[PDB]
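Report on the following structure.
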Amino acid sequence: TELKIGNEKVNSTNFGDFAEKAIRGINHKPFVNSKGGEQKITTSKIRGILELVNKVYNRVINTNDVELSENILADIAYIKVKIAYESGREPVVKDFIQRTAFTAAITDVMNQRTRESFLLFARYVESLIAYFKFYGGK
Amino acid sequence: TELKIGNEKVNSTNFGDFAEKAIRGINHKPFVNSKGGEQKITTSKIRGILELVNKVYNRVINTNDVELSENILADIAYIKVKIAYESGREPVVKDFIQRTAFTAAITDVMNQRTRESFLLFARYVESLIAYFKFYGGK
Amino acid sequence: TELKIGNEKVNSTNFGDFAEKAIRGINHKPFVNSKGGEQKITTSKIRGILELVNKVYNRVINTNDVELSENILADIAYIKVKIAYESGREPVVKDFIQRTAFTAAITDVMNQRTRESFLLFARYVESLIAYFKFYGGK
Amino acid sequence: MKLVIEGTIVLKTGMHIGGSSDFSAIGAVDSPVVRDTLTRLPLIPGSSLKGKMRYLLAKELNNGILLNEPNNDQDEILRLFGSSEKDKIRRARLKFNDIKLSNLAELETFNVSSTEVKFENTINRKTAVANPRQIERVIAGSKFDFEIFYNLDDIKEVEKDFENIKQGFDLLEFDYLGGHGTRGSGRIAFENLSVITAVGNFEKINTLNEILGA
Amino acid sequence: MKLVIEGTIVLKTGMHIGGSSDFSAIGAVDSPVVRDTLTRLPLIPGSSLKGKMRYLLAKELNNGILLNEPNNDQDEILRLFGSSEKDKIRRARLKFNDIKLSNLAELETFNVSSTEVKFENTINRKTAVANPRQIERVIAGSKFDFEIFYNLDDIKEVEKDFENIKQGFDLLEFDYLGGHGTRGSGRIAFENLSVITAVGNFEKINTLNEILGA
RNA sequence: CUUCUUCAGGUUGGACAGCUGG
RNA sequence: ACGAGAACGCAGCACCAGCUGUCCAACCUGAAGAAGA
């Protein structure tokens, strides 16, 4: 619980509202390139990150321990490394990660090191993608 | 499961943070050429080294043996030789190798002779690529 | 699968560590061109032998056999002849070949009459070039 | 009765079947080839080989031209590759399979990896400036032993079906298999084309082998 | 069908199609040539030959002016070399292939390597200092047998297409193929040009072979 | 009797994205 | 000596058929193996 997103925290009763707010703020004044924008992110630009998050979620959901094991924390660290990778690979993903704080949530999970923290992060990510679609998509 | 850097240590979980701090140190104090010129390393400069690492990673990962084979270790030693060659060719590449610990990590992989140490070395080089492209890129 | 630099030459390791040690010893005390003189080796004085070795490697890598053919043996004899010529030309290449046991490697490859022996010899040549450029170069 | 079409696909030039480019580690080549997930072996997907063979065979069988949807092909094409029409559902007699390369040991004998990196650039014409790029290709000389299952449904047209299959293999040898084919890539060859009976024996299997070998 | 345009590329001067400095033996030349990964033979990439021929033909079909995109070339250029236009995608009739070195036996028996190491330098005019330079080039007299596949999309516009192909081949004669052609490297000479039918036989193929051989 | 063993510049762009049938 | 006793919501059914991860693109640009007196 109490997952820090940098500015304001989220919990089991909050993640959907903040995910929707972040996605709506994505559509309001979207990303601008060097050549004046004006595209948004697509699913097949963070699909690898989403697949890694899904794999780690499957691994965690099959464990009843309240504390994440080091073998799973390695997976979350690799998730953060990859997020840094595609963030620098293209700026359309960098601002998407910055404004919808994937990195802050990953760091908070890697600090709390608890099963519930990662479950809340996964729920927040799922809500983020769900609101990204039905408003944008692709 | 744990590779040496000297004073500091890299394990299966903190590889990303150490790669990030190594990259940040490079960007904070960029290498200065002989003629008072600051230079940034390019992915193409170490592309051959990275492909050599990935080439032997594919054959290491298709091996459920703790101890690395003689030919795999020959390939890894040749990788270290190529790292030294590329460092000697370009002073900026040598500076990148020295600020990071490609030489130290690769020789510790040669020392440990084990499959998991090389996998963590590959994790470290992947995180270094990710954080290098995150800040400065090509 | 093994030639004699004087101690040992394994495919797995020490085909580049002995290049380490040879180049470190050369830098430990560089050659003395004349009593009242100071000299340092330049990689432009090895280039002919490197070209011959690379050509013979290209010729022999496309062979499904262990023993090198008669033409390849004549090419290795040419390699030794060129070694002698380019060593006698500038008597610092003499020091370079003596301290690296490079002529001894040629003789061992000729004696073994095996493809893997020449492959390991070429690997040691690459290691010598790499580690000379690393520590010294120019 | 069921038949198995053995054979090998030899890369005359480098081949590039487009990969996922989202899961091949970090810091890999710009455009990777598709590989087996477990063994990391480059493979020719059965879908891609089937699609190229079907396109070439349908174009050559009909008139030399082909503009229709895949479901509106000739009877031979539909009976070999299947059809999903409303009242005309043909069950495909050919079952293609993913083809991993087998001669990794042979390639490792020459101290070369299965895949290379090809450096290309595009020169902007109004500026005369080059734009380098890198792609990954399975090196020439790689061999891909494949297996295609043939459902022997009608005994009266197995000879014609195998004539069409040999013709499609021949057409693939004068074209490419996946990737930047017009730009020098994807050229393949077929040899050791032999058909065997999956279970039991086929009394016309010798005629099938000689039309599959010539 | 699949008319095959065969021939041989002969190096009048040394040719340097730029390969990667990496992925090769350590301590080699600073600027090496592209090679086949397995056989280490010098290679003429099909993409490079296609790009040079398309640049030369589009320039000659536009009265020596090329400041437009490749997709905005002439109709004959677009149909021979393909197009990725949104309005209409033209499948390329020409299928280039990577060209391996072929006369290695004669280079062996003449005691010459496949590649020669060129010795170059640049001298300043302000100061009499010459910076040494090392460049690798495939030796002159090296043959390169190639096979360009042609598609008979239309039978009326085949003589014009082959005349364009011959014009492009002849434009390469008065030009270089790859690399440092400004400084005398890369001169090629097409020879033994011919066209054959891949499958079956094609009428009036003698007309195409006549306008292609001379 | 002389030194330089390479220096300088580009480092991916555009397009398609699920549609039919039960 | 319970509006109760006994009673499988059970049996047969392939989430399946058709579909190329494809198209366009030169590894390219400039450089005296050269000079004291």
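Simple scheme: letters A, B, ... for chains in structure tokens order, numbers from 1 for residues in each chain, numbers from 1 for ligands in the order shown.
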
Find the residues near residue 22 (chain F): any atom within 10 Å, counting only C-alpha atoms (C1' of nucleotides), skip ones fewer than 2 places away on the same chain, and give them as a ChimeraX atom specification.
/D:86 /G:16-17

Let's have the selection written as a PDB file, in the first residue's frame, with N, CA, C and O atoms (P, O5', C5', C4', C3', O3' and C1' of nucleotides).
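That gives us part_11.pdb:
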ATOM      1  N   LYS D  86     -17.504 -19.091 -46.980  1.00  0.00           N
ATOM      2  CA  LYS D  86     -18.714 -19.417 -46.232  1.00  0.00           C
ATOM      3  C   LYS D  86     -19.140 -20.860 -46.478  1.00  0.00           C
ATOM      4  O   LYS D  86     -19.148 -21.686 -45.558  1.00  0.00           O
TER       5      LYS D  86
ATOM      6  P     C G  16      -8.225 -23.438 -30.936  1.00  0.00           P
ATOM      7  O5'   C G  16      -8.199 -23.718 -32.500  1.00  0.00           O
ATOM      8  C5'   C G  16      -8.581 -24.984 -33.011  1.00  0.00           C
ATOM      9  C4'   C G  16      -9.589 -24.862 -34.126  1.00  0.00           C
ATOM     10  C3'   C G  16      -9.162 -24.069 -35.346  1.00  0.00           C
ATOM     11  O3'   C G  16      -8.288 -24.779 -36.203  1.00  0.00           O
ATOM     12  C1'   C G  16     -11.363 -23.470 -34.750  1.00  0.00           C
ATOM     13  P     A G  17      -7.361 -23.974 -37.234  1.00  0.00           P
ATOM     14  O5'   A G  17      -8.352 -23.575 -38.409  1.00  0.00           O
ATOM     15  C5'   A G  17      -8.867 -24.545 -39.306  1.00  0.00           C
ATOM     16  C4'   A G  17      -9.527 -23.868 -40.474  1.00  0.00           C
ATOM     17  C3'   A G  17      -8.680 -22.803 -41.152  1.00  0.00           C
ATOM     18  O3'   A G  17      -7.801 -23.351 -42.117  1.00  0.00           O
ATOM     19  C1'   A G  17     -10.811 -21.916 -40.672  1.00  0.00           C
TER      20        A G  17
END

As an MDAnalysis selection string, please: every residue in region 51-184 of chain D that a backbone DSSP assignment puts in helix (DSSP H, G or I).
chainID D and resid 51:62 70:72 75:81 104:109 158:173

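Compared by their closest atoms to chain A, and using only C-alpha atoms, the residues D:9, D:152, D:41, D:28 rank with D:28 nearest.
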
Result of fitting chain A on chain B (Cα atoms paired in order), as a compact mmCIF listing (two decimals) with C-alpha atoms, in the first residue's frame:
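Okay, this is what ended up in superposed_39.txt:
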# COMPACT_ATOMS: atom_id res chain seq x y z
CA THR A 1 26.68 -13.66 -8.01
CA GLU A 2 28.93 -11.22 -6.09
CA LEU A 3 30.53 -9.89 -9.26
CA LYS A 4 33.56 -7.75 -8.41
CA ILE A 5 33.74 -4.39 -10.18
CA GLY A 6 37.10 -3.48 -8.66
CA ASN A 7 35.93 -1.15 -5.89
CA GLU A 8 32.40 -2.32 -5.05
CA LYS A 9 30.76 -5.62 -5.93
CA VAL A 10 27.39 -6.10 -7.62
CA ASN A 11 24.77 -8.83 -7.38
CA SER A 12 21.24 -9.57 -8.60
CA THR A 13 19.81 -6.64 -6.59
CA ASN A 14 22.53 -4.08 -7.28
CA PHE A 15 23.64 -4.09 -10.92
CA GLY A 16 21.06 -1.61 -12.19
CA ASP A 17 21.78 1.03 -9.55
CA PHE A 18 25.54 0.90 -10.12
CA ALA A 19 25.07 0.91 -13.90
CA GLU A 20 22.92 4.04 -13.62
CA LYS A 21 25.42 5.65 -11.23
CA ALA A 22 28.32 4.91 -13.58
CA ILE A 23 26.41 6.28 -16.58
CA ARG A 24 25.45 9.44 -14.67
CA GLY A 25 29.08 9.88 -13.63
CA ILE A 26 29.91 9.53 -17.32
CA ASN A 27 27.69 12.52 -18.14
CA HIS A 28 29.11 14.49 -15.18
CA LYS A 29 32.57 15.75 -16.20
CA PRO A 30 32.84 13.64 -19.39
CA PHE A 31 35.97 12.55 -21.24
CA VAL A 32 38.54 15.13 -22.35
CA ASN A 33 40.81 14.63 -25.36
CA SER A 34 44.22 16.17 -25.85
CA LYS A 35 42.30 19.01 -27.55
CA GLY A 36 40.05 19.71 -24.57
CA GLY A 37 37.37 17.11 -25.21
CA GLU A 38 34.52 17.10 -25.32
CA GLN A 39 32.68 14.15 -26.87
CA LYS A 40 31.24 11.01 -25.29
CA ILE A 41 31.14 7.41 -26.48
CA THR A 42 28.68 6.12 -29.08
CA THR A 43 27.04 2.75 -29.64
CA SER A 44 28.96 2.29 -32.90
CA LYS A 45 32.22 2.36 -30.95
CA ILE A 46 31.61 -0.63 -28.63
CA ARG A 47 29.12 -2.33 -30.97
CA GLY A 48 31.57 -5.13 -31.73
CA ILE A 49 32.14 -5.78 -28.03
CA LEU A 50 28.38 -5.75 -27.45
CA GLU A 51 27.82 -8.22 -30.30
CA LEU A 52 30.48 -10.54 -28.89
CA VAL A 53 28.87 -10.33 -25.45
CA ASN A 54 25.48 -11.07 -27.03
CA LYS A 55 26.84 -14.12 -28.86
CA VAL A 56 28.45 -15.49 -25.70
CA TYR A 57 25.24 -14.78 -23.77
CA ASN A 58 23.25 -16.77 -26.33
CA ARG A 59 25.77 -19.61 -26.06
CA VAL A 60 25.66 -19.65 -22.24
CA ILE A 61 21.89 -19.28 -21.94
CA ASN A 62 21.42 -22.50 -23.94
CA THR A 63 23.60 -24.42 -21.46
CA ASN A 64 22.28 -25.66 -18.12
CA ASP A 65 25.72 -26.37 -16.64
CA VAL A 66 26.72 -24.32 -13.60
CA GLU A 67 30.34 -24.15 -14.83
CA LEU A 68 31.30 -22.49 -18.10
CA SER A 69 32.95 -24.75 -20.66
CA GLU A 70 36.39 -24.03 -22.06
CA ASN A 71 34.87 -23.33 -25.48
CA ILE A 72 32.87 -20.48 -23.93
CA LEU A 73 35.74 -19.30 -21.73
CA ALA A 74 37.72 -18.90 -24.95
CA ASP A 75 34.94 -16.62 -26.20
CA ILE A 76 35.05 -14.56 -23.00
CA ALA A 77 38.84 -14.32 -23.28
CA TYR A 78 38.43 -13.04 -26.83
CA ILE A 79 35.87 -10.55 -25.51
CA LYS A 80 38.49 -9.26 -23.07
CA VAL A 81 41.09 -9.14 -25.86
CA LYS A 82 38.75 -7.09 -28.05
CA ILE A 83 37.90 -4.77 -25.14
CA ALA A 84 41.63 -4.17 -24.79
CA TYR A 85 41.74 -3.57 -28.56
CA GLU A 86 39.18 -0.77 -28.87
CA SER A 87 40.34 0.59 -25.50
CA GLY A 88 43.73 1.26 -27.07
CA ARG A 89 42.23 2.15 -30.45
CA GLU A 90 40.61 5.28 -28.98
CA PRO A 91 40.78 6.84 -25.49
CA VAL A 92 37.06 7.72 -25.54
CA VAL A 93 36.45 3.98 -25.17
CA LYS A 94 39.34 3.37 -22.76
CA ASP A 95 37.92 5.57 -20.00
CA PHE A 96 34.42 4.24 -20.70
CA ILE A 97 35.69 0.72 -20.02
CA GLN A 98 37.74 1.87 -17.02
CA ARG A 99 35.04 3.81 -15.16
CA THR A 100 32.27 1.34 -16.06
CA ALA A 101 34.49 -1.63 -15.32
CA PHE A 102 33.94 -3.95 -18.26
CA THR A 103 37.43 -5.41 -17.81
CA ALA A 104 37.06 -6.03 -14.07
CA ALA A 105 33.73 -7.79 -14.63
CA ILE A 106 35.21 -9.89 -17.46
CA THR A 107 38.15 -10.89 -15.25
CA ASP A 108 35.82 -11.82 -12.39
CA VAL A 109 33.70 -13.93 -14.76
CA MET A 110 36.85 -15.59 -16.11
CA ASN A 111 37.87 -16.32 -12.50
CA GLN A 112 34.53 -17.57 -11.16
CA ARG A 113 34.01 -19.47 -14.44
CA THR A 114 30.33 -19.97 -13.53
CA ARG A 115 27.15 -19.56 -15.55
CA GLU A 116 25.57 -17.27 -12.95
CA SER A 117 28.59 -14.95 -12.86
CA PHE A 118 28.41 -14.41 -16.62
CA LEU A 119 24.63 -13.98 -16.46
CA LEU A 120 25.09 -11.26 -13.83
CA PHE A 121 27.78 -9.66 -16.00
CA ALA A 122 25.43 -9.71 -18.99
CA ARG A 123 22.64 -8.13 -16.95
CA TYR A 124 25.06 -5.44 -15.75
CA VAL A 125 26.16 -4.75 -19.33
CA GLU A 126 22.56 -4.56 -20.55
CA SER A 127 21.70 -2.12 -17.76
CA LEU A 128 24.83 -0.10 -18.57
CA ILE A 129 23.79 0.27 -22.21
CA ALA A 130 20.16 0.95 -21.25
CA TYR A 131 21.15 3.80 -18.93
CA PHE A 132 23.77 5.04 -21.42
CA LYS A 133 20.82 5.57 -23.71
CA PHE A 134 17.93 7.67 -22.36
CA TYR A 135 20.70 9.83 -20.88
CA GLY A 136 23.13 10.07 -23.79
CA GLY A 137 22.65 7.77 -26.77
CA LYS A 138 24.02 7.85 -30.32

Using DSSP secondary structure from the backbone, list all strand (DSSP E or B) positions within chain A, as a PyMOL selection string.
chain A and resi 3+10+67+114

Write out as a tab-separated table the residues of chain D that have any atom within 8 Å of an atom of chain F, one row each with the nearest atom pair and its distance in Å to one decimal, counting only C-alpha atoms (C1' of nucleotides), sorted by chain and then rising number.
residue	atom	partner	partner_atom	distance
D:84	CA	F:21	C1'	7.3
D:85	CA	F:21	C1'	7.5
D:86	CA	F:21	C1'	6.5
D:129	CA	F:10	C1'	6.8
D:130	CA	F:10	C1'	6.0
D:131	CA	F:10	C1'	6.4
D:132	CA	F:11	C1'	6.3
D:133	CA	F:12	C1'	5.1
D:134	CA	F:12	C1'	7.8

With a cut-off of 7 Å and counting only C-alpha atoms (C1' of nucleotides), select all residues of chain G in contact with chain D and give the selection as a PDB file with N, CA and C atoms (P, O5', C5', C4', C3', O3' and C1' of nucleotides), in the first residue's frame.
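Dumped everything to iface_29.pdb:
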ATOM      1  P     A G  17      -7.361 -23.974 -37.234  1.00  0.00           P
ATOM      2  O5'   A G  17      -8.352 -23.575 -38.409  1.00  0.00           O
ATOM      3  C5'   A G  17      -8.867 -24.545 -39.306  1.00  0.00           C
ATOM      4  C4'   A G  17      -9.527 -23.868 -40.474  1.00  0.00           C
ATOM      5  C3'   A G  17      -8.680 -22.803 -41.152  1.00  0.00           C
ATOM      6  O3'   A G  17      -7.801 -23.351 -42.117  1.00  0.00           O
ATOM      7  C1'   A G  17     -10.811 -21.916 -40.672  1.00  0.00           C
ATOM      8  P     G G  18      -6.317 -22.772 -42.285  1.00  0.00           P
ATOM      9  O5'   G G  18      -6.519 -21.465 -43.165  1.00  0.00           O
ATOM     10  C5'   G G  18      -7.116 -21.538 -44.449  1.00  0.00           C
ATOM     11  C4'   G G  18      -7.255 -20.168 -45.053  1.00  0.00           C
ATOM     12  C3'   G G  18      -6.076 -19.240 -44.835  1.00  0.00           C
ATOM     13  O3'   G G  18      -5.037 -19.473 -45.768  1.00  0.00           O
ATOM     14  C1'   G G  18      -8.099 -18.093 -44.378  1.00  0.00           C
ATOM     15  P     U G  20      -0.477 -13.724 -47.069  1.00  0.00           P
ATOM     16  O5'   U G  20       0.618 -14.410 -46.143  1.00  0.00           O
ATOM     17  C5'   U G  20       1.326 -13.652 -45.170  1.00  0.00           C
ATOM     18  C4'   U G  20       2.707 -14.204 -44.919  1.00  0.00           C
ATOM     19  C3'   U G  20       3.612 -13.318 -44.072  1.00  0.00           C
ATOM     20  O3'   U G  20       4.469 -14.114 -43.253  1.00  0.00           O
ATOM     21  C1'   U G  20       4.554 -13.594 -46.239  1.00  0.00           C
ATOM     22  P     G G  21       4.047 -14.465 -41.742  1.00  0.00           P
ATOM     23  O5'   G G  21       4.123 -13.079 -40.968  1.00  0.00           O
ATOM     24  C5'   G G  21       5.344 -12.609 -40.404  1.00  0.00           C
ATOM     25  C4'   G G  21       5.790 -11.355 -41.104  1.00  0.00           C
ATOM     26  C3'   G G  21       7.303 -11.189 -41.309  1.00  0.00           C
ATOM     27  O3'   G G  21       7.533 -10.769 -42.646  1.00  0.00           O
ATOM     28  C1'   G G  21       6.371  -9.214 -40.474  1.00  0.00           C
ATOM     29  P     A G  25      14.760   0.618 -53.007  1.00  0.00           P
ATOM     30  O5'   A G  25      15.640   1.565 -52.083  1.00  0.00           O
ATOM     31  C5'   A G  25      15.593   2.977 -52.240  1.00  0.00           C
ATOM     32  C4'   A G  25      16.445   3.679 -51.216  1.00  0.00           C
ATOM     33  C3'   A G  25      17.888   3.179 -51.123  1.00  0.00           C
ATOM     34  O3'   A G  25      18.762   4.273 -50.858  1.00  0.00           O
ATOM     35  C1'   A G  25      16.841   2.975 -49.021  1.00  0.00           C
ATOM     36  P     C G  27      24.257  -0.382 -49.159  1.00  0.00           P
ATOM     37  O5'   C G  27      25.783  -0.474 -48.715  1.00  0.00           O
ATOM     38  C5'   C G  27      26.184  -0.122 -47.396  1.00  0.00           C
ATOM     39  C4'   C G  27      26.963   1.165 -47.396  1.00  0.00           C
ATOM     40  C3'   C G  27      28.447   1.052 -47.772  1.00  0.00           C
ATOM     41  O3'   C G  27      28.805   2.182 -48.562  1.00  0.00           O
ATOM     42  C1'   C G  27      28.230   2.182 -45.740  1.00  0.00           C
ATOM     43  P     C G  28      30.133   2.179 -49.465  1.00  0.00           P
ATOM     44  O5'   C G  28      30.201   3.673 -50.001  1.00  0.00           O
ATOM     45  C5'   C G  28      29.089   4.237 -50.675  1.00  0.00           C
ATOM     46  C4'   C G  28      28.752   5.615 -50.161  1.00  0.00           C
ATOM     47  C3'   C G  28      29.894   6.611 -50.091  1.00  0.00           C
ATOM     48  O3'   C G  28      30.253   7.147 -51.350  1.00  0.00           O
ATOM     49  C1'   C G  28      28.595   6.762 -48.127  1.00  0.00           C
TER      50        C G  28
END

Counting only C-alpha atoms, collect the residues of chain E whose closest atom lies at most 6 Å from chain D, and write them out as a list in words.
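Here is what falls inside 6 Å: residues 46, 47, 66, 67, 95, 96, 97 and 98 of chain E.
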
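Coordinates place CA of residue 190 (chain D) at a distance of 20.6 Å from CA of residue 5 (chain E).
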
Restrict the calculation to only C-alpha atoms, then for each residue of chain D with any atom at most 7 Å from an atom of chain B give the closest atom pair and their distance in Å to one decimal, rows by chain and rising residue number, as a tab-separated table.
residue	atom	partner	partner_atom	distance
D:26	CA	B:126	CA	5.3
D:27	CA	B:129	CA	6.0
D:39	CA	B:62	CA	6.1
D:40	CA	B:58	CA	6.4

Would you output that residue set with N, CA, C and O atoms, as an mmCIF file, in the first residue's frame?
data_model
loop_
_atom_site.group_PDB
_atom_site.id
_atom_site.type_symbol
_atom_site.label_atom_id
_atom_site.label_comp_id
_atom_site.auth_asym_id
_atom_site.auth_seq_id
_atom_site.Cartn_x
_atom_site.Cartn_y
_atom_site.Cartn_z
ATOM 1 N N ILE D 26 18.802 -6.057 -24.315
ATOM 2 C CA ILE D 26 19.023 -4.619 -24.393
ATOM 3 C C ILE D 26 20.356 -4.381 -25.086
ATOM 4 O O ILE D 26 21.358 -5.023 -24.751
ATOM 5 N N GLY D 27 20.366 -3.463 -26.049
ATOM 6 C CA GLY D 27 21.581 -3.175 -26.783
ATOM 7 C C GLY D 27 21.886 -4.155 -27.888
ATOM 8 O O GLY D 27 23.055 -4.333 -28.243
ATOM 9 N N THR D 39 15.827 -21.888 -27.639
ATOM 10 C CA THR D 39 17.187 -22.149 -28.093
ATOM 11 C C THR D 39 17.868 -20.935 -28.709
ATOM 12 O O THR D 39 19.049 -21.028 -29.060
ATOM 13 N N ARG D 40 17.165 -19.810 -28.851
ATOM 14 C CA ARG D 40 17.673 -18.604 -29.509
ATOM 15 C C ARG D 40 18.144 -18.880 -30.933
ATOM 16 O O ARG D 40 18.961 -18.132 -31.475
#

Any idea what the distance is between CA of residue 135 (chain E) and CA of residue 16 (chain E)?
8.2 Å

For a test of reading the model, state the distance in Å between CA of residue 56 (chain E) and CA of residue 164 (chain E), rounded to one decimal.
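Separation between CA of residue 56 (chain E) and CA of residue 164 (chain E): 10.7 Å.
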